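Just one chain follows, in the form deposited without the partner chain, and it is written as structure tokens.
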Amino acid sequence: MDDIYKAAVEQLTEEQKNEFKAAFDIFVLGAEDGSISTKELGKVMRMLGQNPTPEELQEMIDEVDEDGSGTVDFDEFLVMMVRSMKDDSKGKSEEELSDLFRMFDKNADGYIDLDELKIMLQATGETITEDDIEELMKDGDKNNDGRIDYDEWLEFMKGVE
């Protein structure tokens, strides 16, 4: 099966894309792997806008780099454009977040305290100090009432690895 990404690269005349390949051709000019940067692995992963854990990053290479390079080569360079238009598309969705607080409710009411959140980070094995949660909750709850309702939930998931 073909894709709109690889379809464009094959459609771009060698002479046409050559004019755009003069940009990356500069960096790679002094490279042996053919990539633009040796540690570009962390940069290419940013193009997707998702870096929850360093363990999952290794999976990204197998999600986009079927070859196993970890960098945007001459071929990927052309796709880097059509791939940069992936905006307006994240991992979590309002549809999930809705069932998230609902499914993660031991009392099933609509509010999620600070403890209810710990169970989430606990699943990974991590652990913070009482000073982190105390200050953290202050953010999750714009009203700092005591729990995280629907509206509050949407905010609590505004930014936090």
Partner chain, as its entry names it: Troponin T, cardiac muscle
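Positions refer to the first chain, counted from 1.
One more form of this protein, solved in complex with the partner chain, exists but is not displayed; see below.
When contacts are judged by a 4.5 Å heavy atom cut-off, residue 32 does not count as touching the partner chain in the entry with it bound. The closest heavy atom approach of residue 109 to the partner chain in the entry with it bound falls within 4.5 Å. Although the partner is absent here, residue 105 lies within 4.5 Å of the partner chain in the entry with it bound, judged by heavy atoms.
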